[PDB]
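1. With the input below, show me the fold.
(4 chains)
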Protein chains: 4
Amino acid sequence: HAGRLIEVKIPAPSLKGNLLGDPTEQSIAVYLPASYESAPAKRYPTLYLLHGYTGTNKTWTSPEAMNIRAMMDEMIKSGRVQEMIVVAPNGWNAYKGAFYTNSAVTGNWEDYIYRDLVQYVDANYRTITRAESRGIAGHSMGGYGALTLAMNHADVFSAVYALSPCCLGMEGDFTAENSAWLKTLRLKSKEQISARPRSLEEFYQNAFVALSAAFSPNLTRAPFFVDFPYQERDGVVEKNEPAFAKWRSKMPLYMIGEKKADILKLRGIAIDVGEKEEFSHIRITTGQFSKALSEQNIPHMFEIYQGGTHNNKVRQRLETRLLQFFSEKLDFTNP
Amino acid sequence: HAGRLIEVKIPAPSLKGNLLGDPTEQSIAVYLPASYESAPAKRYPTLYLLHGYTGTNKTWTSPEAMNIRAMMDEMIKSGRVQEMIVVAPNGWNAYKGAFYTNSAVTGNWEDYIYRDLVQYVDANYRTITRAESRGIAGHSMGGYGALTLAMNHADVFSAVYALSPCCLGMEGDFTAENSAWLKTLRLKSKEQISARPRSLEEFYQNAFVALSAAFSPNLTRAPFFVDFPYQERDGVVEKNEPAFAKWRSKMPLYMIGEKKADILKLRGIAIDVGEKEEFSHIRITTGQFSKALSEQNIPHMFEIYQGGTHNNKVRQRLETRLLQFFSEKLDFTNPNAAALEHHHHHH
Amino acid sequence: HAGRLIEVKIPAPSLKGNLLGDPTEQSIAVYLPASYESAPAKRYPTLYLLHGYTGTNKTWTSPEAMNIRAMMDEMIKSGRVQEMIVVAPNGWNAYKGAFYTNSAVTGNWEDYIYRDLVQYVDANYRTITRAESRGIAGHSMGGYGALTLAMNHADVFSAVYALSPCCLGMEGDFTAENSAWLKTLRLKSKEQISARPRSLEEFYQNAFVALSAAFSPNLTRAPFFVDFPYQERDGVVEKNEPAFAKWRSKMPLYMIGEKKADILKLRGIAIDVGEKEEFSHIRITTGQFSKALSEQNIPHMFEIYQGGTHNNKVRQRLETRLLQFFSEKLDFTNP
Amino acid sequence: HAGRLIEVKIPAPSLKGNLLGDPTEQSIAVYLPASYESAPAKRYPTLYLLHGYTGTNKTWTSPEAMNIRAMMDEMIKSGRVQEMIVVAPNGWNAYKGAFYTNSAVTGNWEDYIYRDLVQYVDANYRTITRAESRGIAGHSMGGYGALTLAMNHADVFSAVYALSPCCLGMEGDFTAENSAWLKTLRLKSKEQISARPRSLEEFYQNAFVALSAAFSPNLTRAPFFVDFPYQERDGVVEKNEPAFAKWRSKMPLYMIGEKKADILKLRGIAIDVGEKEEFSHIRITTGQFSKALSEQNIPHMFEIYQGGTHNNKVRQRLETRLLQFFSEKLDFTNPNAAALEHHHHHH
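-> Numbers count the residues shown, from 1 in each chain, chains lettered A, B, ... in the order given. Here you go, the structure:
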């Protein structure tokens, strides 16, 4: 009944040539179910779990956090879910999160997940190598990553679950109504954003620089090598239009029309959000995202759950929704 | 272990005075779980399950239909759901369905469910008499009924599941787009709509009369005792604005602003619809209803499921979604001393 | 070493004639130190502790909250503070909080505190009946109440401590930049605000109706008997100027010029706020309030404390700052 | 139990080459708490305490001054503060005070404190050599010094307390408002400023020369080797803009934007001032400094205290505020295994 959590450094060649000094080797965590050693010919579906901004895979693996080893041991032992391998990669970068996106400044972090990571895990652990047996999920930045990766690679991942995803679209606290934007445009050096953010405002400044490096990089500008999607003119913030359209093009809410046929190849799509979600862009755009899917008649599941903040019920969502979702949607048979 | 399905005729006084000949006694089916005999102190939560238009409770009870007795026996035996009482009433009427709505022509069918029926079940079977332990659900015309009953009586039902609900709003095949409205406005007698509908046009003709009797009755207008929401002028269908407004007042999509505080008292709300739903208004308005709830930040569950038509996956939705939803949302015990103290306010 | 907490219903005649159905009798809680019965001639200074919006005195008294009986027992037993009587009144009303203010709709809640309550406690418990021996403190709505009561009645209370006070001034999330204002102006009945607020937005709508009843009541308008300080014109929120000036006149940040001489009669003034305070008007106006005092050369203490949200370190502030403050500032001798 | 105060002369190499004759060896006073002899494994946090202008460490050590030995003996005996080492250096120079600042004329007095002095104390006494266990504080010119040293060396000092700090910014009696600037610009010799200042004008004259040597030195300009921030033209005082800009660059009120990340590494920041502070610039700029920190949401403590002049309640502030502040903010043990593991990031 005891599974195992393995931590290992793997090659990350898709990150080669990034300008931020991030390494081209990266650590991951892999949960192997309890039967792995006692059933040596069995093969397992795989669930890829992505952490949020400023986070690492310790979000999932730490006993003080989600404690995925203990959770998966009990969930399997109790018969609530079938046995699957769970992979939690690090997606942290010098700006505290790369948003799982390909960028000339941060590296090809999208390629890192669907090529470097998946191919490593499949070559080293007894996975079923079919998209029908591969799921992807995440919280916040990880929900953004999960959705975009599934919409762009439905021949790699067939089921996706986004817990309170960030950056679906430009609404609420992501637009110019956020006073943090004016202070972000005025940042002079990297030392101002070096430390862990101490406040909401610092969190927004850091995230905005990270998103700019991911969505609208600039191999030339200083000090962050980014273009911002906004600009200051006469002390009023306004759209910086070329970089703004780049942001819109990376944002899944505005991608559905373009990707409808690929999205229809997914076996399962789930999105949820807490009634008490404190990031207004998440509250707003998660409902907009389900509406955009439903107006295209795309199968999916959507829930606003009572009393949930951004974080306070994520354990409950794992134990009562997300892990069950993959146990139902993934194919547990091996050809 | 084996539960029992009980069929019995019950008083339906809320139907007294209806103009259509429908009886003031009505049959119901009640599932009692397997422990009912050997646990005399035990009381159970209740799920009320409502059939669709042209249907009866045989949709739920018949062996070649959903076979609810066998389904609950197995869902409970295998531990997938906790023991609950399931009640399946008849809501069929002379126009093949009364949409669980109060009307001077059809009878007070909303009152029949939340008063006549609930009170009968609670007096004759060992139910937990708390809204927290009462749920309501239905398919199509019954999904309409479950939602409206839950929004109107959140002090009676705490959880609602609507499978491909009809009549949420006025879109698609419920509007003058539907060429059936012209033929409906020219109907001459009940004889023309007595047989079972065989085609799509006959289904719509029969349903539009039923809905008019439910939503816009007219006690003086033979032969059907209805006002239609539409009317013909030159040969083009236009709104009949006073009856039209009455239909809108009966449609949950347009009541969310008004009933918001009551909708917020429900502990569970789920709506689903098949990808291949043939009734365009169901496809359109279920998405609108979920959007309207999310715009108000109202907690709820919504699913468009792959491959489902109006009817073809109801068994699968019962077995993999609906019954487990009530097992989670309903209270299966009374609150204990620590729960009472913990649910008090400490600020 | 064991003190006692007494709960009793007292007369509240200052609330007579309020339009909200709130009773003219009100419950209070009184902490009597351990020596009360063993030293029958001793008299004690008194500390009045005010709870915040949607709260009751259970904030202070409940074992699941601040557990004032246990806290005061230990603080005294350990010698960290001298013995004082602590009085925690209820200030809750039909709109979930009266803001300790006199109003023709809510009742004379300011008079209830400094007349009804103080005179009751002095007549029934062995207090020292001198302003030099009377302190007042509160959190949020209670910090607002504490400051205004001390500035208006420095001949009753001589020392005041405001923990993260609400409603010092019109900044941040209290102005029209709060999207909750437009939805507040459109409220049609009391049933929409009857239940406990479930979300931040509901919290703002309820608070705004409560503040309007307190600051700008209207014996005639419907359904809340209030005037709002804002109004909708062409779908844009703008100042409703007569009621707006009423709000400004009740708001301590703009009162300092007028009340400087009375404020200089206070023996002690303290205001604090957490670095991570989530209500932007509190973060902004608490700093503005210390600056307004310092530019008038008014003695006072001010602290922004690392890592504190609106609530997460209030226990620590009581145990390391507030109770020590009154033990230093109040006169423990009896004439 | 009884601590000890030690007086000793130490190397001051950072002062080498100064133009004023000040020695490259400097006396300091060190308080060692009462347990120092009988707890040989025990190491202690260190508080560095800086005197004001025209003062020396006798402000802290002398029996009729603050009598720091007796004060610490009693604060520690009574349990009001934990045992710590207190270091009181001399920062007096030929102009009666060097403002703890690096200057080609006066010497590198900032380096003297954070390098020469700290390194000497750590090599000769049982200190905890972690910034988390080192604090710095001072009165007036020493409050200026403590703040600037803390903002510039947050990897050395983690907590700072400034009592009525001087020179935070250019306001009030530091500007051309002060009629003393005219008399200062006409000074002819060091002889005119050698005696102890007796009046207010003599205090300002002597201080303005000292500050010019600290903030705007001029290696070539006899007789004082300073540039003044002001100059006379027709007989009206105007800014001497290059020296003026140099003064502003030395003033903490104007460095908060630049040093923000370093200021945020301090675990404690406190500033206070008496209600009856006679130096108008101290009264004005301490309030501005607290506002400038709050505008940036920088955690800190600020107090205007009743009845206090520049000097008259320093003992009370030591005994009821400052020493207890370092007992709270400084670490008195090394971190244990659980603290190390708990301070790691788990997200």
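2. which non-adjacent residue is nearest residue A:179?
-> residue A:201 (7.7 Å; CB to CB, 6 or more residues apart in numbering or on different chains). Where you see a C-beta, it was placed from the backbone N, CA and C, and this is true even at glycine.
3. Pull the number of nearby residues for that neighbour.
-> Residue A:201 sits with 17 neighbouring residues when counted by other CB atoms under 10 Å in any protein chain shown.
4. Then the one 3 residues further on?
-> The criterion is other CB under 10 Å. On that basis, residue A:204 has 20 neighbouring residues.
5. okay, stretch A:152-166 in PDB with CA atoms only?
-> C-alpha atoms of stretch A:152-166 as PDB (Å, rounded to 0.1, in the frame of the first residue of the first chain):
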ATOM      1  CA  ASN A 152      -1.900  22.900 -28.200                       C
ATOM      2  CA  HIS A 153      -1.000  19.200 -27.900                       C
ATOM      3  CA  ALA A 154      -4.300  17.200 -27.800                       C
ATOM      4  CA  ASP A 155      -2.200  14.400 -29.400                       C
ATOM      5  CA  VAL A 156      -0.100  14.300 -26.200                       C
ATOM      6  CA  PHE A 157      -2.600  15.000 -23.400                       C
ATOM      7  CA  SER A 158      -6.200  13.900 -23.700                       C
ATOM      8  CA  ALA A 159      -7.700  15.300 -20.400                       C
ATOM      9  CA  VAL A 160      -7.100  18.500 -18.600                       C
ATOM     10  CA  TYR A 161      -8.200  20.000 -15.200                       C
ATOM     11  CA  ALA A 162      -7.500  23.700 -14.400                       C
ATOM     12  CA  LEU A 163      -7.900  24.600 -10.700                       C
ATOM     13  CA  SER A 164      -8.600  28.400 -10.500                       C
ATOM     14  CA  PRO A 165      -6.400  29.100 -13.600                       C
ATOM     15  CA  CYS A 166      -4.500  32.500 -13.900                       C
END
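6. Tell me where the stretch 101-250 of chain A has helices.
-> Using DSSP state H, counting those that start in this stretch, the helices of the stretch 101-250 of chain A run over residues A:109-111, A:118-124, A:141-152, A:180-185, A:200-215, A:241-249.
7. right, so of those helices, which gets closest to residue C:37?
-> Checking the helices of the stretch 101-250 of chain A against residue C:37 by CB to CB gives helix A:200-215 as the closest, at 49.4 Å.
8. which residues are contacting that closest one?
-> Here helix A:200-215 makes contact (CB atoms under 8 Å, 6 or more residues apart in numbering or on different chains) with A:20, A:53-54, A:93, A:95-99, A:101, A:103, A:105-106, A:109, A:167, A:173, A:178-181, A:183-184, A:187, A:192-193, A:197, A:224-229, A:243, A:246-247, A:250, C:276, C:278, D:297.
9. Report the beta-bridge partner residues of residue A:217.
-> Here residue A:217 sits in beta bridges with residue A:226, going by DSSP bridges.
10. now residue A:269
-> Following DSSP bridges, residue A:269 is listed with bridge partners residue A:160.
11. Now do the contacts for it.
-> Residue A:269 touches A:150, A:159-160, A:263, A:293, A:298-301, counting by CB under 8 Å, 6+ apart.
12. Include neighbour count when you put the residues you listed into TSV, please.
-> Converted to TSV, these look like this (neighbours: other CB atoms under 10 Å in any protein chain shown):
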residue	neighbour count
A:150	31
A:159	27
A:160	30
A:263	22
A:293	22
A:298	19
A:299	21
A:300	21
A:301	22
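13. and those, which two are the farthest apart?
-> The distance between the two most remote of the contacts of residue A:269 (CB to CB) is 14.8 Å, for A:159 and A:293.
14. What residues sit buried inside the host helix or strand of residue A:258?
-> For residue A:258, the host element (DSSP states H and E) is helix A:256-263. Of the residues in helix A:256-263, A:256, A:259, A:263 count as buried by neighbour count, 16 or more other CB atoms under 10 Å in any protein chain shown.
15. Distance-wise, check the second one relative to chain C.
-> Okay, so that is residue A:259. Noted for residue A:259: a distance of 31 Å to chain C, by CB to the nearest CB, to the nearest Å.
16. With the last one instead?
-> The gap separating residue A:263 from chain C is 30 Å, by CB to the nearest CB.
17. Need the three-state assignment for the residue of the stretch 1-150 of chain A found nearest chain C.
-> Nearest to chain C in the stretch 1-150 of chain A, going by CB to the nearest CB, is residue A:54, at a distance of 14.7 Å. Here residue A:54 is recorded as coil under DSSP: H, G, I helix; E, B strand; the rest coil.
18. quick one: stretch A:257-265 near chain B?
-> No: on the criterion CB under 8 Å from any CB of the partner chain, stretch A:257-265 is out of touch with chain B, staying 9.1 Å away.
19. how about the residues of chain A that lie near chain C?
-> Within chain A, the positions lying close to chain C (CB under 8 Å from any CB) are A:177, A:198-200, A:275-276, A:278, A:306-307.
20. Just the buried residues of these.
-> The neighbour-count test (16+ other CB under 10 Å) marks A:198-200, A:275-276, A:278, A:306 as buried among the residues of chain A next to chain C.
21. Which of those residues sits closest to chain B?
-> Among these, and counting by CB to the nearest CB, the member closest to chain B is residue A:306, at 4.3 Å.
22. so what's that closest one closest to, chain neighbours aside?
-> Spatial nearest neighbour of residue A:306, excluding adjacent residues (CB to CB, 6+ apart): residue B:299 at 4.3 Å.
23. Let me see the contact set for the residue most central in space within chain A.
-> In chain A, the C-alpha nearest the mean C-alpha coordinate belongs to residue A:142, at 1.8 Å (CA atoms, centre = their mean). The neighbours of residue A:142, taking CB under 8 Å, 6+ apart as the test, are A:49-52, A:55, A:91, A:100, A:163, A:165.
24. same check, this time on residue A:45
-> Contacts of residue A:45 by CB under 8 Å, 6+ apart are A:82, A:84-85, A:127-128, A:133-135, A:326, A:330-332.
25. can we see that at 10 Å?
-> Contact partners of residue A:45, counting by CB atoms under 10 Å, 6 or more residues apart in numbering or on different chains, are A:82-85, A:127-128, A:130, A:132-135, A:158-159, A:326-327, A:329-334.
26. Which members of these are positioned in strands?
-> Applying DSSP state E to these, the entries found in strands are A:85, A:134-135, A:159.
27. Out of these, the closest to chain B would be?
-> Using CB to the nearest CB, the ones in strands among the contacts of residue A:45 come closest to chain B at residue A:159, 11.9 Å.
28. Cross-check the contact I'm expecting between the closest one and residue A:328.
-> Yes: between residue A:159 and residue A:328 there is a contact under CB atoms under 10 Å: 8.9 Å.
29. joint contacts of these two?
-> Common neighbours of residue A:159 and residue A:328, using CB under 10 Å, 6+ apart, are A:267-268.
30. quick revisit: same list, the contacts of residue A:142, but as TSV with neighbour count please.
-> What follows is the contacts of residue A:142, written out as TSV (neighbours: other CB under 10 Å):
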residue	neighbour count
A:49	27
A:50	30
A:51	27
A:52	25
A:55	23
A:91	26
A:100	24
A:163	28
A:165	28
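31. Closest one to chain D out of the residues you listed, please.
-> Ranked by distance to chain D (CB to the nearest CB), the contacts of residue A:142 are led by residue A:55 at 4.6 Å.
32. isn't the closest one right next to residue A:89, touching?
-> No: between residue A:55 and residue A:89 there is no contact under CB under 10 Å: 11.6 Å.
33. State the phi and psi torsions of the residue of the stretch 1-150 of chain A closest to chain C.
-> The phi and psi values for residue A:54, taken as degrees, to the nearest 10, are phi 70, psi 0.
34. That one: neighbouring residues, count only.
-> Number of residues near residue A:54 (other CB under 10 Å) recorded here: 20.
35. In strands only, show me the residues of chain A next to chain C.
-> Members of the residues of chain A next to chain C lying in strands (criterion: DSSP E): none.
36. Tell me which two in these are the farthest apart.
-> Using CB to CB, the two most remote members of the residues of chain A next to chain C are A:198 and A:306, lying 31.2 Å apart.
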